[PDB]
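Participant: Protein chains in written order, with the entry's author numbering: chain A, 52 to 553; chain D, 52 to 545; chain B, 52 to 553; chain C, 52 to 545. No residue lacks a Cβ here, since even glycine has one placed at the ideal position from N, Cα and C. Got a structure for you, questions after.
Protein chains: 4
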Amino acid sequence: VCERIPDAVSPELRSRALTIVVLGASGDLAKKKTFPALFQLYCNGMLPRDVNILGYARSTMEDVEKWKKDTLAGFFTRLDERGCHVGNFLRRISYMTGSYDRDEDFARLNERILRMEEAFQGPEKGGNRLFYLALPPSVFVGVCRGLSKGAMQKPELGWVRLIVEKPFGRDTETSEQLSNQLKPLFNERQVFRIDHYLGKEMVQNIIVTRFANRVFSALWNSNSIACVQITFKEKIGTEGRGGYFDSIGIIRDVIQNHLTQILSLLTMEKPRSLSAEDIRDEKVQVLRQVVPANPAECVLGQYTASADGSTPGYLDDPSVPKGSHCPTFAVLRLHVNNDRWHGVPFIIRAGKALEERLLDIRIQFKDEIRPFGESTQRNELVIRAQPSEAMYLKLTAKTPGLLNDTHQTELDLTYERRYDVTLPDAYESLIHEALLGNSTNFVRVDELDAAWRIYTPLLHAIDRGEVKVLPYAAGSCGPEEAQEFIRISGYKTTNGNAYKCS
Amino acid sequence: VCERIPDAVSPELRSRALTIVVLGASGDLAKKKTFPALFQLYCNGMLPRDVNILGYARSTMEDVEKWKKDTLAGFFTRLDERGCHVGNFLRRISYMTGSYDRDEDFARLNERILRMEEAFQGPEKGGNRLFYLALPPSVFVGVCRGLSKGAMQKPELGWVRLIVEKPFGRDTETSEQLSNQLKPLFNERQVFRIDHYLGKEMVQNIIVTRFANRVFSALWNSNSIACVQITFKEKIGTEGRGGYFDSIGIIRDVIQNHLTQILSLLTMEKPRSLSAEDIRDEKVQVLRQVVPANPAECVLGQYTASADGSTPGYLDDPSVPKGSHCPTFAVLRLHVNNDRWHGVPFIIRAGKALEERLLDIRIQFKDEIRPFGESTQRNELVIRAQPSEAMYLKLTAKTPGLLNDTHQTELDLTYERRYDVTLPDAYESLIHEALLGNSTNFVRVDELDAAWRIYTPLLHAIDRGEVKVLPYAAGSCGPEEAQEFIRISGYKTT
Amino acid sequence: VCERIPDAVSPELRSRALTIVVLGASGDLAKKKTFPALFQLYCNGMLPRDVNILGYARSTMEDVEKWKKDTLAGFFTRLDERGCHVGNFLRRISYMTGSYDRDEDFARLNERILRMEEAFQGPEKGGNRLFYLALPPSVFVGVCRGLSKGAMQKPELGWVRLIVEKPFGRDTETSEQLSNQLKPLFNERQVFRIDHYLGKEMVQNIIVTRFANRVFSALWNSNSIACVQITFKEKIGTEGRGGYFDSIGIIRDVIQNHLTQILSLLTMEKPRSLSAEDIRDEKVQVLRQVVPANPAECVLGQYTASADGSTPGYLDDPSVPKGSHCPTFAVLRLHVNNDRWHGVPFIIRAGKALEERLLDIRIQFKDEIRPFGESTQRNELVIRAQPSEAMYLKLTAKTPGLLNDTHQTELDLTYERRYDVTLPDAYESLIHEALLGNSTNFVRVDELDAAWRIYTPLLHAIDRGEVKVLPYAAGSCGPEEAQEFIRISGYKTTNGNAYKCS
Amino acid sequence: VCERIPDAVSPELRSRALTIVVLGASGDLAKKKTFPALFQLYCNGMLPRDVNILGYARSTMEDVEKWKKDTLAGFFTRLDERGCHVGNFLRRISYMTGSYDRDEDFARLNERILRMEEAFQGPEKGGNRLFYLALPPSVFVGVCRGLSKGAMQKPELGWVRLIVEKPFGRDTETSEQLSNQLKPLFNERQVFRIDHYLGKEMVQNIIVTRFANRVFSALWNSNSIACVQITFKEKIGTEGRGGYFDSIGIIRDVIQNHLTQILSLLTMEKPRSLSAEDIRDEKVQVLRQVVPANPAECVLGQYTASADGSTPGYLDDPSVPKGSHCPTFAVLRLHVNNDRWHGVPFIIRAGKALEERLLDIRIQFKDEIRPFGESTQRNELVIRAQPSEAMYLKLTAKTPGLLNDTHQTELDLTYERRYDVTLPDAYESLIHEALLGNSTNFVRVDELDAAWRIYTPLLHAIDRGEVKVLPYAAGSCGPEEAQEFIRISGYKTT
Ligand SMILES: O=P(O)(O)OC[C@H]1O[C@@H](O)[C@H](O)[C@@H](O)[C@@H]1O
Ligand SMILES: O=P(O)(O)OC[C@H]1O[C@@H](O)[C@H](O)[C@@H](O)[C@@H]1O
Ligand SMILES: [Cl-]
Ligand SMILES: [Cl-]
Ligand SMILES: [Cl-]
Ligand SMILES: [Cl-]
Ligand SMILES: [Cl-]
Ligand SMILES: [Cl-]
Ligand SMILES: [Cl-]
Ligand SMILES: [Cl-]
Ligand SMILES: [Cl-]
Ligand SMILES: [Cl-]
Ligand SMILES: [Cl-]
Ligand SMILES: [Cl-]
Ligand SMILES: [Cl-]
Ligand SMILES: [Cl-]
Ligand SMILES: [Cl-]
Ligand SMILES: [Cl-]
Ligand SMILES: [Cl-]
Ligand SMILES: [Cl-]
Ligand SMILES: [Cl-]
Ligand SMILES: [Cl-]
Ligand SMILES: [Cl-]
Ligand SMILES: [Cl-]
Ligand SMILES: [Cl-]
């Protein structure tokens, strides 16, 4: 039962050759997310039938075909809808052992690209290159310098694009210098600094729901909005890779990158055009007006063992350094300093080993005092990006029936209920958009700095030991102090119920 | 299934006696809507156990109990849950034959009433009297004068309330006269001028959805709203009851009353309080600012026989006068002259023998020009009061999937899907509210005036033969000219 | 150059007789404000030439004509245009000695009015009666009961109207009692509770400037207005009449009556019609939404002796009780609890023995953050009701000349510069409006209650000794704590007005 | 009086030499506006003491010094304060006779320029070169190609800037060609396209008054503004030189440039920053949304002799081609297609030989219907850029006195009454801003395009003879049809 592959290959891609180099092909991200996404884009018939996926990792691969069919293929998802195509697809993937420091190996990479670029039977004799750098931050600049030297495409004979994965430094100084390190190496246009939250279905609709509809457009200002809440929740802890996380922390890992992006699209002014840079310009413009996070206006947590004992404590990890104070949870109150968001509190929440898995945006409107008084409560527009993709506006309506009373209700749109479409993984969209050359869903340098500049002073205060990191039971709602702070920060509504929650 | 009726009748009605007189009990409205609604209020245990429903009509009855069990009872609805209660309920209804002009017959209705509240075993002496006047407009003032003479309750011994059914005159001059005819007879507080749309579940939420929510409150003005459309659609025509209709017409029958009612609620400013008098004050205030309908800003229709022939032509009715020009369909463009509704077009639609049964309100917001251009289209808040009571906001969203495209969608709330509750008939709410003394869902005299003053000049122009009445096939969408006029009036197809 | 008397007398006042009884005619208010205003209305040709002004006081005066020509007439103002008319006018005023408690003295009042109405050369045989009660609060109910008994006009022969003066109780309980005391005596329609601020030129334009202009109408809400300041300033102290003031205080004397009035017209929603009760209904409606003044949100003062010795201390008055803590100055922060004024601070200021004489309203708009930043500052619409009647909108504009800099400026309208008209005294308008039957510029009972209910809890706290009364030099800007509180309350702009002020 | 000139010349202009070449020094513009503005900037001590103004022209002078003190100097204005400085100033101006096409004369210009900066006694080597091209459009590209070849400052030895005067083509195609003709010759940064309207005191405050004030910011949208009127009025006609105007017309001469400029500033969204390009980006962005002027939505005029006869007819000029139909007057209704200006009419007026001299902007707000009705009328914010520099907001207030009546009033600010400062001529600011390198008050190439694209279809229709050109008496208000059109266009004559 497998759906056929139509020709959705964009006309640009089906004239010149194609080579998708996955640098760090053995690595966890590439096995789990990159290669699987490439399979789905192939199945969609969005990649040319004669595409060349080249795996460039350090691993001394004995049987490539076994790793391809057993390891790699084990991660492909729709198989009751596209299982037969696994064979034809895998035939396009080739592996190549090599180092991220020896120029002889990058030359050996240029060598292999051309040997498989020359084999193209199409109209243009050039060849296009997309390099996915899913490699450690420890070797990043090496590979960038190596690829820019001897792995580039001849002029008027194709494009070179680079998908740069995170981390992007620990702070603004760290990131700034890395951004300087790439300036000679590549033109910004070639760089595609990937944030995957810009590939999530609900995250993409932020710009449409906000600038296609007069209903939301007229309400998106300080006069109508009383509070804005961005929430990240994860049932899982670090559990295995706690050693890795210790050096990053909840703010650097999710808040600085993923949720500041949510924040940029939520707060930005209407773009001049729907152009990539026109959209990107407004994103940076608004983060340039975000006041840097102050330590007194935040709550930090670190998870301890669950009541059941099934989830262990954060520190109860051998990889986690003894006596660590790394925050696994954070709640922040941010302020956008412009005539649109003046006064409006921005409550950003993020935590691991919590009560539920959740990604949602909450635009809480002003309370309508008269004529309903206590019979009513703040309306809020809720956009849940995961688990069930949905958008719902919470209102106050008359209790249906033979009675003169009120009740809170929803004007819901549940994606799983209303659409028979099997929505793509964030990475399918991004990789595809990068092949097309759409720099919109990719972090711009200035946009990235604008983001680092918000958290760097807070991050430093935290690292200097100035900010207290409260303990909370794994699987609970989080520290008590946080829910109180959220109330003080300006958020209301009695819709926060678990056994723990209130 | 059959379960015990609870004694949840409001404590006001608990102390003294109760008598609900249905004048014109033989009549079509009473047997189809009044009596059935009274059964449901009894089953809810909202009426006292010992309530007295008295039928009073010109009709002579051989077997009242047969008419009660066969005619009357045949109209009761929930019978898979409430079927057993039909017996106990019917036991409360009594009938009496009488003229609507002979004072003796009135002295006879009162005597029955005296004796009923004389049999009460409760805390207070005397009784409460609610009179439902579901009788022709031809005998109305006769009964009002008669009841006010010898059928009233002595002071400090109970209340008398009058549920006055429509029609309320043929125009503003006719209605004025009638209201003056009732001024000495009864105090306005006693009068309960009934418009049944005010009892519809979705029509009631108009005030809450507008003034409890900041989302709709901030948008309810000329700056955000591009057009407002009130739609009445009926699959059925005049049928046998066409002679009666000829003298009334679609404007007088539905637009003037029911739809101007929705219009008042939709346009009114936030009430000072949620008080009866505070809510109604704003209703009149806004109809006082509605510009009277001009003949050039309207389209009229009259149905022809259907393609199948199953629905005969309007004119093909023996009761319908030869060569009549009575409109069975009307579309109007109204203008509210205040700084909230300045410019905003108000498209009111109403017609019989159309393509579907429909009652909906459409609040069409301004088109958001840039950056989406043609990739987007006017948002609309849609409140459908019937068939399926639902509220949905139409919106533009990204085509779900691996696409950079748009699609129109909505944010639904379908009352049938979301609530397990068997919603009441408009008349259950109204009759109940009238027993409690809630004058909110009842037309006020100035409110009635304010309404008549909108349509009277248009109605007269029509009756003078100044306005053309276009023909349309029964069961069709209506005349072509109407859809074109709606486009010109400011409404955008979607 | 004596401006002749035109027949601009309203048609109602023509047909039936007219009798204006001034109860307490010897009293300070009557001789200083009432009688002078009646002269000006006579001169304007607004009162019938055959009008009857009857002075009913306790004083046992010998030469009435001397008191008329020397005392009374000495207070008349325009005499370089209207000086000749003093004679003809004074001929209409007559005096009567009599108690405020003996009914025989009231019957004797009825008796004289009857003789006057019996001398009327006009169409109707009855006569109209306007009673100006400018008498102590100590005898008020006595006169009301006496007039209602035997001083009323026969049915279908003329109207009776009562101009009632301040004070209207000590608090809400005191006022309630008094209003109930008058309920059987007179119909509210007959009662004309006088507040003279509704008689001031700028105070009257509050309703026009707000509901005739789209410019101000669109801005009169929480989204555009950042703060509202009502200011009362008086260069003079209690001087001799410190005894009279000790029992009243600055809140009861000006904040409760005069400035809550200014406040009602500033905050009210657009009236249904321009009708008297349609206007009055919105006034009552908005004061019903004012949250009662809390003691922690206020500053109180009591004037000390001035540096120059010219103004002695408040307590340095023989009439002022020893060790009295009566506030001569008050600043409070009020909150209107409705969707229009939600969040908007209302700073009400009032004080005697201050730096300047001033009555002004300040509608301070939100600060426009970008693109001008510190180069700009909050715009504020200023309506000054006295000294110079003016209305001016403060705005930021480019420094005129060969410069790229900013400067604050005003779009002024000065009534003495622009209009070259001799504006009437507050009391001319009011007395005239009362003869016509315009209850608009008169306090309604619910409008009086709604006002008392704001200050009664604060007033009580003050009288219980719970609120601190700070000392301040006579002729200074007031206590230091007050200016700081105003800043904290939400009021801005760098007004370095005096040596003291900043 | 006569006091010392201070050395307040900007520190950038201090280090390196300065040469201001006025190409077309004989010309009417230079002798009347350029040279006089140069004198005032010198008197201000805004130009270095050792500045070099070089007049380059085809004309020949026997006595340059006579033309300098008698012709040139006769046009200098403040002489009761600055009259003594005429000498010292004139001592900086030098002249040269040269063709605007022969390369020898361009080598000969450069020759002078190097030698002048060779004589500089300051810190930096080389010198800065500002070229004011006040020459016919007939020789423009010839001088641009000639200057770009020869008289160019060597790199790292100073800047070269070009103040290019109008006209900028006669349509979008004409202008496009010309802009492409300059693309290789100079970088846009060097080009300074002058529209002197941008130097007028009130035109400059357009950006401050609408983005520094919350009062005007909150009102600057379709919800509050009912109509916007831009007016240019001139008491004088074409006079002696008309044939020259015949090829241009009122739309190309004033509207397309000057008034579309005001229009851009009035309609633009709040700039990202106060940067030169941040400001210029919003200007182009809004003209990119202006719908092109349609012929049916405009009125054209051509002045006829005055009743007095003092002003002769437009055609009664020998230079004016026989049977011409050139518009000397135009009134247009423009539409900005964005969610800020949706529906708002933009009435642009412009005419020569009219009743008065006038430049004003009129922002007419919506009429406030209730509770005042006819007792009130539309508020209007009026900015008058000439004759008397003033800004006044028109509003309704209670008739002062013993009255319950209304009257129209204004919250004036008259710059002549409020400030004792002798405001500079548009050209002083511009020339100064160009020496500093502030590209804000200068037309951008895309700005120029965006402007041309509005009027080019209308202009062509006019030139094809498709649009009627009505006659009007010189010195009158203009054609009757125009005032009627303005009323229909949405302007409610307050
Ligand atoms: O919307 P509803 O419940 O069908 O009510 C509309 C009814 O309105 C009444 O006025 C008419 O007599 C009916 O013919 C019509 O059907
Ligand atoms: O400077 P003013 O008086 O406002 O006039 C602007 C003038 O500017 C000139 O550049 C135009 O050629 C004229 O047509 C126009 O009249
Ligand atoms: Cl900043
Ligand atoms: Cl629900
Ligand atoms: Cl759904
Ligand atoms: Cl730091
Ligand atoms: Cl018609
Ligand atoms: Cl319309
Ligand atoms: Cl149904
Ligand atoms: Cl639903
Ligand atoms: Cl039904
Ligand atoms: Cl008529
Ligand atoms: Cl309340
Ligand atoms: Cl004064
Ligand atoms: Cl000033
Ligand atoms: Cl001034
Ligand atoms: Cl002035
Ligand atoms: Cl108390
Ligand atoms: Cl904006
Ligand atoms: Cl477009
Ligand atoms: Cl001038
Ligand atoms: Cl001039
Ligand atoms: Cl002025
Ligand atoms: Cl003037
Ligand atoms: Cl064309």
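Apart from the five residues on each side of it in sequence, which residues of its chain come closer than 8 Å, Cβ to Cβ, to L499(D)?
Facilitator: Numbered from 1 along the second sequence, position 448 holds the residue referred to as residue 499(D). Around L499(D): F219, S226, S230, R244.
Participant: For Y151(D) versus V190(D), is the C-beta distance shorter than 9 Å?
Facilitator: As a position in the second sequence, residue 151(D) is number 100, starting the count at 1. As a position in the second sequence, residue 190(D) is number 139, starting the count at 1. Yes, the pair counts as a contact, with Cβ atoms nearer than the cut-off.
Participant: I'd like to know if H386(A) contacts chain B, where contact means its C-beta is closer than 9 Å to some C-beta of that chain.
Facilitator: Reading the first sequence from its first residue, position 335 is the one you call residue 386(A). Chain B, which has no Cβ nearer than 9 Å to the Cβ of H386(A), makes this no.
Participant: For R163(D), which three-state DSSP category applies?
Facilitator: Here residue 163(D) refers to the residue found at position 112 of the second sequence. Three-state result, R163(D): helix.
Participant: Anything in chain A within Cβ reach of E419(B), meaning under 8 Å, just list it in chain order.
Facilitator: Within the third sequence, numbered from 1, the residue matching residue 419(B) stands at position 368. The answer, in chain order, is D390.
Participant: Could you name the residues of the segment 270 to 281 of chain D whose beta carbon sits closer than 7 Å to any beta carbon of chain C, in the order they occur along the chain?
Facilitator: Cβ contacts with chain C: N274.
Participant: Pairs of beta-carbons, one from the segment 523 to 541 of chain C and one from the segment 351 to 366 of chain C, closer than 8 Å: are there three or more?
Facilitator: Judged by Cβ distances under 8 Å, the segment 523 to 541 of chain C makes contact with the segment 351 to 366 of chain C, as three or more pairs qualify.
Participant: Is the Cβ of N548(A) closer than 9 Å to any Cβ of chain D?
Facilitator: Position 497 of the first sequence holds residue 548(A). It does not: the Cβ of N548(A) has no partner Cβ on chain D nearer than 9 Å.
Participant: In the DSSP assignment, find the alpha helix (DSSP H) that holds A59(D) and state where it starts and stops.
Facilitator: Your numbering for residue 59(D) matches position 8 in the second sequence. Careful: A59(D) lies outside any alpha helix (DSSP H) and carries neither H nor E.
Participant: Please tell me whether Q415(D) and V266(D) are closer than 9 Å, where the distance is taken between their beta carbons.
Facilitator: Here residue 415(D) corresponds to residue number 364 of the second sequence, with the count starting at 1. Here residue 266(D) corresponds to residue number 215 of the second sequence, with the count starting at 1. Not closer than 9 Å, so no.
Participant: Buried or exposed: where does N256(B) fall if 16 or more other Cβ atoms within 10 Å of its Cβ makes it buried?
Facilitator: Stepping through the third sequence from its first residue, residue 256(B) is reached at position 205. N256(B) comes out buried.
Participant: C528(C) lies in the beta strand (DSSP E); which residues open and close that run?
Facilitator: As a first step, residue 528(C) is located in the fourth sequence; it is residue number 477 there, counting from the start. Note, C528(C): premise wrong, no beta strand (DSSP E); not H, not E.
Participant: Just to check my reading of the structure: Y183(C) and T70(C) have Cβ atoms closer than 8 Å, yes? What is that Cβ distance to the nearest angstrom?
Facilitator: Walking along the fourth sequence from the start, residue 183(C) turns up at place 132. Walking along the fourth sequence from the start, residue 70(C) turns up at place 19. With 8 Å as the limit, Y183(C) and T70(C) do not qualify as a contact, their Cβ atoms being about 11 Å apart.
Participant: Give the residues of chain A in contact with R323(C), contact being defined as C-beta atoms less than 7 Å apart.
Facilitator: Indexing the fourth sequence from 1 puts residue 323(C) at position 272. Here the neighbours are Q336.
Participant: Which chain B residues are close to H393(A), counting only those with a beta carbon under 8 Å from its beta carbon?
Facilitator: Your numbering for residue 393(A) matches position 342 in the first sequence. Per Cβ cutoff of 8 Å: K417, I420.
Participant: Identify the contact partners of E333(C) in chain B, using a Cβ-Cβ distance below 9 Å as the criterion.
Facilitator: On the fourth sequence, position 282 is the one that residue 333(C) refers to. Under the 9 Å cutoff, chain B gives no residues; its nearest Cβ is about 10 Å from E333(C).
Participant: Determine whether the Cβ of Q241(B) lies closer than 9 Å to any Cβ atom of chain A.
Facilitator: Within the third sequence, numbered from 1, the residue matching residue 241(B) stands at position 190. Chain A contact via Cβ: absent.
Participant: Can you list, in chain order, the stretches of the beta strand (DSSP E) that have 3 or more residues and sit fully within the segment 219 to 267 of chain A?
Facilitator: Fully enclosed beta strand (DSSP E) runs of 3 or longer: 242 to 244.
Participant: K286(B) and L405(B) look like a contact to me (Cβ under 8 Å); what is the Cβ gap, rounded to whole Å?
Facilitator: In the third sequence, the residue the question calls residue 286(B) occupies position 235. In the third sequence, the residue the question calls residue 405(B) occupies position 354. Between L405(B) and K286(B) the Cβ distance is about 7 Å, and since that is below 8 Å, they are a contact.
Participant: Along the chain, where does the alpha helix (DSSP H) that runs through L486(B) open and close?
Facilitator: By 1-based counting over the third sequence, the position of residue 486(B) is 435. Where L486(B) is concerned, the enclosing alpha helix (DSSP H) stretches over 477 to 487.
Participant: Given this structure, state the Cα-to-Cα distance separating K417(A) from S268(B), to the nearest angstrom.
Facilitator: Counting from 1 along the first sequence, the entry for residue 417(A) is found at position 366. Counting from 1 along the third sequence, the entry for residue 268(B) is found at position 217. In a straight line, the C-alpha of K417(A) is about 21 Å away from that of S268(B).
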